[PDB]
């Protein structure tokens, strides 16, 4: 039977939406998790010297969004029509831009860089999310479904719900001014197979 392996750090980070695609699909996989200490010696194993990396029957696929889209297309979470799949991609790409914007914050919370999460949250994340959540609000207005694109859950939903809920665990004011984005996280995370995964996944700081 097909074998999937996901390799990433011992954390949610860029791998988490991929783990949630597997959960929604009811698809078993090997969840390989590295400490920051163990990781470096495995760098040369990976297509771009980075993680996450998926293996399917021993074939490697790098890049978290390439991996998310590949599995979402296979399992029914990519969008309902070719144009909708593209709309899903555009939202995911806007999310990726936002994450790039807040990278200094994420590196600090992950323990990778030294810093004050609270200060970065206020100075960096709040203004970045004001712009970002503003566009997400627009997509939700258009959909009228509670999901970002179309009438059913996609990997773009998983990315957003995971991010916002993850930050809100530490800094709940992320949702201030944006009750729609809170509603979205709680809608997505209550999908039964996801709710079960969230109940049982390792507790990690990032």
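Residue numbers count along the first chain shown, from 1.
Relative to one another, 61-69 and 170-178 have unequal mean CA B-factors, and 170-178 is the one with the higher figure. 109-117 and 95-103 differ in mean CA B-factor, and the higher of the two is recorded for 109-117. Residue 129 sits in the middle third of its chain by CA B factor, as recorded in the PDB entry. In the PDB entry, residue 85 places in the lowest third of its chain by CA B-factor. Per the PDB record, residue ranking by Cα B-factor puts residue 154 in the lowest third of the chain.
In the deposited entry, the Cα temperature factor of residue 40 sits in the top third of values across the chain's modelled residues. Among all modelled residues in this chain, the alpha-carbon of residue 27 has a temperature factor (C-alpha) in the middle third.
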